[PDB]
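Peer 1: Chains as they are written, first to last, in the deposited numbering: chain A, 3 to 542; chain C, 40 to 452; chain B, 48 to 183.
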Amino acid sequence: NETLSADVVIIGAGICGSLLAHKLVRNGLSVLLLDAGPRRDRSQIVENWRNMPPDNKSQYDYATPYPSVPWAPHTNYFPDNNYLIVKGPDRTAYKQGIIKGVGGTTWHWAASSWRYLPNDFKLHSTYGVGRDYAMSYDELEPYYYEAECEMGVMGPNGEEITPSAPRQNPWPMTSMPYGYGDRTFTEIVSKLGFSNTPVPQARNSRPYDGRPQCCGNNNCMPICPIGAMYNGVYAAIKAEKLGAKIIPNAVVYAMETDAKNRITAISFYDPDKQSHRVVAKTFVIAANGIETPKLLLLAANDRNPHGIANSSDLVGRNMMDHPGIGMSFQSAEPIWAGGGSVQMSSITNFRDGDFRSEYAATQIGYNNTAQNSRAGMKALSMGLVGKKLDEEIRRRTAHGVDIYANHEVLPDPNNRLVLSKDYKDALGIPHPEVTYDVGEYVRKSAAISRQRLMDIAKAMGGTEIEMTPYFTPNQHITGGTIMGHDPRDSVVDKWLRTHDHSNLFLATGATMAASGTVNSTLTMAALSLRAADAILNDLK
Amino acid sequence: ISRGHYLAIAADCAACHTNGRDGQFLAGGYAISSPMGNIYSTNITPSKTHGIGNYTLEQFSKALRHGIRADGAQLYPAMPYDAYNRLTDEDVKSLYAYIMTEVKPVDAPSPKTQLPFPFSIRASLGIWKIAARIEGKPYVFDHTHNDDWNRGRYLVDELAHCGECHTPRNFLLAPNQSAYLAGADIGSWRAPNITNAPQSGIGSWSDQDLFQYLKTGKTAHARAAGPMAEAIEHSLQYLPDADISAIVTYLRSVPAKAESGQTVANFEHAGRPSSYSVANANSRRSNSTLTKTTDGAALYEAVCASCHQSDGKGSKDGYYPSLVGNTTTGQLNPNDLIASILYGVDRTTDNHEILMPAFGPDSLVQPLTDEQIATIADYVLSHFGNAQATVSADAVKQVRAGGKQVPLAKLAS
Amino acid sequence: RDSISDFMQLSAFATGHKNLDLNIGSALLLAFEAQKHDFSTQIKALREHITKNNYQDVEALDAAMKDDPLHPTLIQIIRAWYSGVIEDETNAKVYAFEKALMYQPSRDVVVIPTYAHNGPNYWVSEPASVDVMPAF
Ligand SMILES: Cc1cc2nc3c(=O)[nH]c(=O)nc-3n(C[C@H](O)[C@H](O)[C@H](O)COP(=O)(O)OP(=O)(O)OC[C@H]3O[C@@H](n4cnc5c(N)ncnc54)[C@H](O)[C@@H]3O)c2cc1C
Ligand code: HEC
Ligand code: HEC
Ligand code: HEC
Ligand code: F3S
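Right, here's the structure in full:
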């Protein structure tokens with residue numbers, strides 16, 4: 003290829019990138035979509051998941067169905083592919099899941115799209131902890147609902163569930179009714195004083211967008227056999243049909259800029275390690291919370307030896323996530339987890355308060371994934387035979403309970419993604435290496451989170467209670483390129499344009515300022531649509 | 040609801056005069072995939088500018104029955120004026136009153152139909168009507184049969200115009216009276232034979248089954264899809280139960296039209312107790328895009344077995360129909376099944392919505408290629424429906440294109 | 048073709064159930080014979096042991112030979128028939144899903160995670176008890 007010219011390029015065909023591409027092609031702009039992963043198809047992922055060993059199915063394995071392509075490897079911990087090097091006091095708290103391929107990691111999310119509270123956007127102003135968004139909640143609510151209607155998100159339309167984000171107009175859906183497990187968990191935590199509320203899900207309670215109604219397979223992680231949730235592959239397909247050019251297996255590595263700091267072109271590899279110069283009048287980097295900083299630190303040139311968009315020396319710095327402490331036990335009272343989606347209800351009673359100045363807010367969610375695989379594997383592990391084995395399988399699948407609690411981390415600039423100086427893939431691109439730390443804030447929040455979870459298990463009369471002494475990752479990779487006003491104190495502005503390079507936008511978790519107390523991909527989608535407004539204003 | 044509203048519902052006039060679920064009420068703009076091109080239905084709201092507000096009673100009767108516009112231009116046969124021609128004068132007057140008074144006028148010009156020479160000139164249709172033997176005496180009560188049979192015949196022939204799509208067309212593309220209700224290809228979809236043939240038609244259907252299909256669109260052995268889903272959703276569902284009973288009574292008396300090479304009714308096809316081997320599917324792990332899984336059973340299991348389970352007997356609830364004992368799968372000609380794979384069943388009965396995930400090239404859930412869809416359809420026919428039915432990739436591409444180009448359509452060259 | 052017959056007979060005895068797929072059994076025999084060449088010798092020995100000591104159910108066939116190194120392969124075979132895997136790593140092949148007997152005793156209520164249960168809104172109905180055995 004002599005040159006792959008375009009108008010607007012978006013590095014990374016994930017949910018953020020696919021929404022960006024769809025909105026921009028809908029307005030008549032030549033959008034070129036580069037993706038590190040390959041062209042990925044839903045049914046084959048379903049077939050691979052069906053054929054995973056039940057040992058990997060008992061545990062929550064979500065990377066085996068997606069092959070880790072050598073040119074664009076993604077995390078896989080059961081063989082420990084070691085793509086995401088994590089060290090620090092909580093290296094196990096950032097073993098995030100990411101899928102490379104058209105659609106991105108949201109190929110296998112639970113569709114738990116959430117609207118952040120107004121105080122999540124002014125944490126720093128109201129409590130002095132964290133860093134503040136340059137944008138208020140009101141400035142994001144239009145685009146927030148735009149994304150909500152784009153993916154067809156569920157929600158308890160009529161309910162005063164908990165102090166939550168005010169809505170100018172209700173959810174496009176009504177939350178599908180709870181299963182037995184969700185109802186019983188709600189009753190238990192209500193007797194414990196916790197408020198169990200329906201979780202807004204980018205999922206079809208009624209037929210939407212030509213995707214069927216959720217029939218409750220309970221395989222929201224890691225693949226929907228009927229596609230009743232929403233995945234970024236939907237917006238990628240819509241953009242491709244509308245005119246967007248998509249090249250899978252396009253791993254960009256470096257980009258050239260002029261003395262004006264206006265980056266002029268980008269280059270990427272196929273698996274065959276061939277460079278192709280891509281030139282467009284406005285580049286957008288929508289790769290990941292993890293991959294955007296690695297790309298920005300990997301594309302340092304002579305003009306910017308410290309990394310592109312790294313004038314503040316903060317790209318890669320200030321990592322963020324939701325440190326979840328997942329605890330699984332055996333309920334004394336039957337639950338029958340599996341009815342509906344894997345994530346139907348969650349305790350939102352502690353999403354905000356005056357304690358955020360001291361310790362992190364906690365969102366105690368109950369995992370609704372079916373325990374038939376877990377019950378079978380555990381009952382077969384203890385070497386039971388015949389009718390006793392059948393009875394134990396039924397018992398452990400009717401009593402299997404998984405409970406977790408997620409928190410938020412404060413901005414620690416020491417949480418770099420300094421690319422490992424020793425490990426490289428077939429393309430020679432270094433793996434993203436995280437020097438992760440949670441903080442005394444997270445330790446203090448978890449100090450009461452453990453007691454809360456133990457009380458919840460006690461109310462169930464639980465047995466063989468297993469608690470992770472560490473923090474489990476929730477793959478809500480936010481931070482890394484923190485937004486703000488000052489070019490020397492933050493990476494990008496309110497409109498998600500890099501201060502160093504006005505023609506470069508980034509719409510991903512990296513620009514997220516405060517991790518919040520709940521899932522974030524709805525917030526990434528809203529930020530992506532705000533970015534789309536930004537390029538729309540830029541090029542007319 | 041008034042008599043005019045009932046007649047408009049039974050005539051299903053809102054099916055083609057409202058472009059899709061969206062769009063204004065009877066504002067036109069709907070694209071109809073005619074064999075020679077795309078024809079846009081016109082606005083009939085009482086709008087003095089872009090509607091039919093200027094239409095008088097006799098002008099409206101001419102437009103409805105004889106297919107002649109106000110300016111004298113012959114209406115295209117997308118208008119079932121050959122089916123509304125025998126409509127009674129009183130019903131025509133009631134429809135005129137309903138259209139003039141009971142629907143809000145909309146001022147939005149409809150797209151103008153553009154067809155190749157000589158389909159562009161809307162004047163050769165006089166010879167077409169003469170050769171079609173349209174006229175067309177207004178319907179008269181036949182005393183040989185009871186009142187229910189007469190009402191059913193009125194509904195099927197005049198108002199609901201079931202013959203517009205369930206009757207084949209000749210080389211000149213006019214309704215074939217010899218093969219009455221014998222089943223026809225309407226482009227992407229095929230309307231099955233609905234005569235009283237026990238094997239070829241629907242004679243073996245139970246009365247309750249036919250009533251359920253014509254009222255709600257769902258049955259243990261048949262689900263309304265595509266244009267039939269649209270008809271059920273828009274017109275048939277609002278029909279009172281007495282009218283559905285009359286339609287059933289008439290349908291159980293139409294002459295049979297047996298098909299050659301057919302021996303078992305479309306809903307009595309049992310399924311072989313066979314499936315794919317999970318062991319064979321281990322080899323294609325860590326291999327996405329399904330390019331290498333050319334076999335059919337594993338392809339069906341990966342793509343569609345989530346709802347219609349591995350045995351193919353559908354969901355126990357009945358929400359997902361059994362592919363065994365299904366009229367769409369049991370049909371000797373598999374055009375309906377190919378259309379269901381391509382576009383899918385989307386029927387909204389009583390505000391409750393069935394929705395296929397489409398599986399065409401522009402599918403949102405799972406795109407599939409022509410050969411891929413051919414293999415999976417072959418597996419479905421062999422294991423669940425008519426074994427004698429075979430599907431090729433060229434057949435799938437043809438179904439996508441809109442069926443066979445009729446020999447009259449080749450003239451546009 | 049005797050070996051497949053003895054395999055099916057012993058397996059139906061061991062799992063305590065009769066309705067077992069023949070294709071899955073053939074795949075299991077192929078995998079077992081690929082894993083160990085001496086599978087046939089010890090399987091015939093086990094069959095002879097059951098015939099000579101006239102075993103009734105599988106609880107005795109589990110308890111009686113705790114020290115015999117043949118009980119390992121009985122545990123292996125029941126694990127295969129209930130789970131569908133032979134080995135333990137991620138690479139291990141799956142020969143039975145949606146039909147594995149560990150999913151069956153809860154099939155009536157808890158949905159097999161990928162294959163849809165009845166209807167799209169079934170879970171609103173209350174489930175059955177824990178001590179009732181659906182079938183098989
Ligand atoms: C198991 C799991 C469950 C989750 N559940 C939820 C949930 O319930 N709710 C919720 O809100 N969130 C959830 N998430 C989080 C959610 O998946 C992500 O936060 C979101 O999808 C962000 O995706 P993204 O498009 O920004 O990045 P990604 O989707 O990770 O990446 C987009 C694409 O960018 C490409 N790319 C990356 N780097 C480069 C490069 N240098 N050059 C070219 N291309 C590149 C990759 O190939 C990839 O395909 C979950 C995540 C996981 C792993
Ligand atoms: C894999 C590609 C398939 C195949 C081969 C079929 N389906 Fe479906 N299907 C679904 C629903 C809800 C209906 C019927 C309407 C309803 O009851 O509301 C159907 C219907 C069919 C038919 C019959 C069509 C007709 O014209 O009668 C056939 C032959 C058929 N299907 C085959 C639902 C779904 C899905 C959602 C869970 C999925 C996935 C599929 N079907 C996939 C397939
Ligand atoms: C007048 C009210 C009627 C009646 C009594 C029937 N139809 Fe239709 N129909 C159409 C299509 C495209 C199909 C097949 C869909 C698919 O292939 O899945 C059908 C189906 C039927 C049946 C089922 C028969 C069987 O499946 O064997 C029956 C009993 C039936 N119809 C009766 C199309 C149309 C249509 C547009 C062209 C119109 C108008 C009607 N049908 C109207 C009627
Ligand atoms: C399935 C499609 C369909 C149905 C049902 C239908 N129409 Fe139409 N109608 C059309 C099309 C297409 C045209 C224009 C084609 C032509 O010009 O030959 C048309 C034209 C007309 C016209 C001519 C007006 C003009 O300015 O073109 C009138 C009046 C009309 N229809 C009224 C009705 C009434 C009343 C009904 C009964 C409710 C009805 N239609 C049912 C499709 C339909
Ligand atoms: S996989 Fe899909 S069908 Fe429901 S159980 Fe999850 S949203």
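A virtual CB, placed ideally from N, CA and C, is assigned to each residue, including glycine.
Taking DSSP as the reference, what is the three-state secondary structure of C/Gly369?
Peer 2: Position 330 of the second sequence, counted from the first residue, corresponds to residue 369 of chain C. Helix.
Peer 1: Would A/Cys151 count as contacting chain C if we go by Cβ distances under 9 Å?
Peer 2: In the first sequence, counting from the first residue as 1, residue 151 of chain A sits at position 149. By this cut-off, A/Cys151 is not an interface position.
Peer 1: Just curious, the alpha helix (DSSP H) that C/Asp187 is in, first and last residue?
Peer 2: Start at 1 with the first residue of the second sequence, and residue 187 of chain C comes out as number 148. Run containing C/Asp187: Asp186 to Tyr193, per the alpha helix (DSSP H) assignment.
Peer 1: Name the one or two DSSP bridge partners that A/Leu508 has.
Peer 2: As a working note, residue 508 of chain A is residue 506 in the first sequence. A/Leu508 pairs with A/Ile287.
Peer 1: Mind listing which residues of the stretch 366-382 of chain A have their C-beta closer than 8 Å to chain B's C-betas, in chain order?
Peer 2: Contacts with chain B (Cβ-Cβ distance below 8 Å) from the stretch 366-382 of chain A involve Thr371, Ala372, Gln373, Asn374, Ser375, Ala377, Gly378, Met379, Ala381 and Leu382, listed in chain order.
Peer 1: C/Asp356 touches chain B at which residues, Cβ-Cβ below 8 Å?
Peer 2: Translated into the one-based positions of the second sequence, residue 356 of chain C becomes position 317. By Cβ distance, chain B contributes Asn165, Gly166 and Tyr169.
Peer 1: Could you check how far apart the C-beta atoms of A/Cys216 and A/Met178 are, in whole angstroms? I think they sit under 8 Å.
Peer 2: What you label residue 216 of chain A is simply residue 214 of the first sequence in a count that begins at 1. What you label residue 178 of chain A is simply residue 176 of the first sequence in a count that begins at 1. Between A/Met178 and A/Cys216 the Cβ distance is about 6 Å, and since that is below 8 Å, they are a contact.
Peer 1: Just to confirm the assignment, what range does the beta strand (DSSP E) spanning A/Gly378 have?
Peer 2: Numbered from its first residue, the first sequence carries residue 378 of chain A at position 376. Per DSSP, A/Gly378 belongs to no beta strand (DSSP E); it is in the alpha helix (DSSP H), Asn374 to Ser383.
Peer 1: So what's C/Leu46 in DSSP terms, helix, strand or just coil?
Peer 2: Here residue 46 of chain C corresponds to residue number 7 of the second sequence, with the count starting at 1. C/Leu46 falls in the helix class under three-state DSSP.
Peer 1: Taking the alpha carbon of C/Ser379 as the point to measure from, which residue in C/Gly43, C/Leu394 and C/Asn390 has its own alpha carbon closest?
Peer 2: What you label residue 379 of chain C is simply residue 340 of the second sequence in a count that begins at 1. Considering only alpha carbons, the answer is C/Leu394.
Peer 1: State the start and end residues of the unbroken alpha helix (DSSP H) segment that holds residue 7 of chain B.
Peer 2: Residue numbering for chain B in the displayed model covers 48 to 183; residue 7 of chain B lies beyond these limits and cannot be assessed.
Peer 1: Have a look at B/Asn101 and A/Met231 and give me their C-alpha separation to the nearest angstrom.
Peer 2: Taking the third sequence and counting its residues from 1, one reaches residue 101 of chain B at position 54. Taking the first sequence and counting its residues from 1, one reaches residue 231 of chain A at position 229. One C-alpha to the other measures close to 55 Å.
Peer 1: Along chain C, in chain order, which residues have C-beta atoms closer than 7 Å to that of A/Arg213?
Peer 2: By one-based count along the first sequence, residue 213 of chain A stands at place 211. Within chain C, the residues near A/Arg213 are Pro396, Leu403 and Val404.
Peer 1: Can you find a C-beta in chain B that's less than 9 Å from the C-beta of C/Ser361?
Peer 2: Here residue 361 of chain C is taken as the residue at index 322 of the second sequence, counted from 1. No, C/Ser361 lies away from the interface with chain B (no Cβ there is under 9 Å from its Cβ).
Peer 1: Is the number of C-beta pairs between the stretch 284-295 of chain C and the stretch 315-332 of chain C that are closer than 8 Å three or more?
Peer 2: In short, these stretches do not touch, since the Cβ pair count stays below three.
Peer 1: For C/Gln411, report the span of its alpha helix (DSSP H) as first-last.
Peer 2: Taking the second sequence and counting its residues from 1, the one referred to as residue 411 of chain C is at position 372. Looking at the DSSP string, the run of the alpha helix (DSSP H) that includes C/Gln411 is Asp409 to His422.
Peer 1: Taking 8 Å as the cut-off, is the C-beta of A/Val254 nearer than that to any heavy atom in ligand 1?
Peer 2: If you number the first sequence from 1, residue 254 of chain A lands on position 252. Flag set: Cβ of A/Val254 near ligand 1.
Peer 1: Just to confirm, does C/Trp244 get its C-beta within under 8 Å of one of the non-hydrogen atoms of ligand 3?
Peer 2: What you label residue 244 of chain C is simply residue 205 of the second sequence in a count that begins at 1. Yes, since a heavy atom of ligand 3 falls inside the 8 Å radius drawn around the Cβ of C/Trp244.
Peer 1: Count the other C-beta atoms from every protein chain shown that fall within 10 angstroms of the C-beta of A/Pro415, then say buried if there are 16 or more, exposed otherwise.
Peer 2: Within the first sequence, numbered from 1, the residue matching residue 415 of chain A stands at position 413. Exposed: under 16 other Cβ atoms inside 10 Å.
Peer 1: Shortest alpha-carbon distance to C/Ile225 belongs to which of C/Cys204, C/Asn235 and C/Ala218?
Peer 2: The residue given as residue 225 of chain C occupies position 186 in the second sequence. C/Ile225 has its Cα closest to that of C/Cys204, out of C/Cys204, C/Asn235 and C/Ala218.
Peer 1: Run the proximity test for A/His478: is its beta-carbon closer than 8 Å to any non-hydrogen atom belonging to ligand 1?
Peer 2: Residue 478 of chain A sits at position 476 when you count from the first residue of the first sequence. Checking every heavy atom of ligand 1 against the Cβ of A/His478, one is found closer than 8 Å.
Peer 1: Among the candidates A/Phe352, A/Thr465, A/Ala377 and A/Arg418, whose CA atom is the shortest distance from the CA of A/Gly291?
Peer 2: Start at 1 with the first residue of the first sequence, and residue 291 of chain A comes out as number 289. Nearest C-alpha to A/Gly291: A/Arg418.
Peer 1: My assumption, with CB atoms under 8 Å, is that A/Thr94 sits in contact with A/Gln477. Please give the rounded CB distance.
Peer 2: The residue given as residue 94 of chain A occupies position 92 in the first sequence. The residue given as residue 477 of chain A occupies position 475 in the first sequence. The pair is not a contact, with the Cβ atoms about 13 Å apart (cut-off 8 Å).
Peer 1: A/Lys97 versus chain C: which residues are under 7 Å apart at the beta carbon?
Peer 2: Within the first sequence, the letter at position 95 stands for residue 97 of chain A. The contacting residues do not exist; A/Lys97 stays about 21 Å from chain C at best.
Peer 1: Which one or two residues does DSSP pair with C/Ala428 in a beta bridge?
Peer 2: Locating residue 428 of chain C in the second sequence gives position 389, where the first residue counts as 1. The beta-bridge partner set that DSSP reports for C/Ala428 is empty.
Peer 1: Which residues, in order along the stretch 509-542 of chain A, keep a beta-carbon less than 9 Å from a beta-carbon of chain B?
Peer 2: none
Peer 1: Is it buried or exposed, A/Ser347, if we count other Cβ atoms within 10 angstroms and call 16 or more buried?
Peer 2: Looking up residue 347 of chain A in the first sequence gives position 345. It counts as buried.
Peer 1: With 9 Å as the threshold, decide whether the Cβ of C/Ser327 is near any Cβ in chain B.
Peer 2: Against the second sequence, residue 327 of chain C aligns to sequence position 288. Not closer than 9 Å to any Cβ of chain B, the Cβ of C/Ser327 fails to qualify, so no.
Peer 1: Please give me, in chain order, every unbroken run of the beta strand (DSSP E) with length at least 3 that falls completely inside the stretch 10-48 of chain A.
Peer 2: 10-13 and 33-36
Peer 1: Below 6 Å CB to CB, which residues in the same chain sit around A/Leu506 once its five sequence neighbours on both sides are set aside?
Peer 2: Working through the first sequence from its first residue, we reach residue 506 of chain A at position 504. Counting only residues of its own chain and dropping the five nearest sequence neighbours on each side, A/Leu506 has a CB closer than 6 Å to the CB of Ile265, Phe285 and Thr500.
Peer 1: Applying a beta-carbon distance threshold of less than 8 Å, which residues of chain A neighbour C/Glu392?
Peer 2: The residue you call residue 392 of chain C lines up with position 353 of the second sequence. The contacting residues are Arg208, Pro209 and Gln215.
Peer 1: C/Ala344 touches chain B at which residues, Cβ-Cβ below 8 Å?
Peer 2: Counting from one through the second sequence, the residue named residue 344 of chain C turns up at place 305. Chain B residues near C/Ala344: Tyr162.
Peer 1: Could you check where the alpha helix (DSSP H) with A/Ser492 kicks off and where it finishes?
Peer 2: For the purposes of this step, residue 492 of chain A is identified with residue 490 of the first sequence, where counting begins at 1. Taken as a continuous stretch (DSSP letters only), A/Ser492 belongs to no alpha helix (DSSP H), as it is neither H nor E.
Peer 1: Rounded to whole angstroms, what is the Cα-Cα separation between C/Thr328 and C/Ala162?
Peer 2: Locating residue 328 of chain C in the second sequence gives position 289, where the first residue counts as 1. Locating residue 162 of chain C in the second sequence gives position 123, where the first residue counts as 1. When rounded, the distance between both Cα atoms is 52 Å.
Peer 1: Using a Cβ-Cβ cut-off of 6 Å (strictly less than) and excluding sequence neighbours within five positions of A/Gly234, which residues of its own chain qualify?
Peer 2: In the first sequence, residue 234 of chain A corresponds to position 232, counting from 1. Excluding sequence neighbours, A/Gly234 sits near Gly16, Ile17, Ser20, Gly105, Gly106 and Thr108.
Peer 1: Using three-state DSSP, classify A/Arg532 as helix, strand or coil.
Peer 2: In the first sequence, the residue the question calls residue 532 of chain A occupies position 530. In the structure shown, A/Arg532 sits in a helix (DSSP, three-state: H, G or I).
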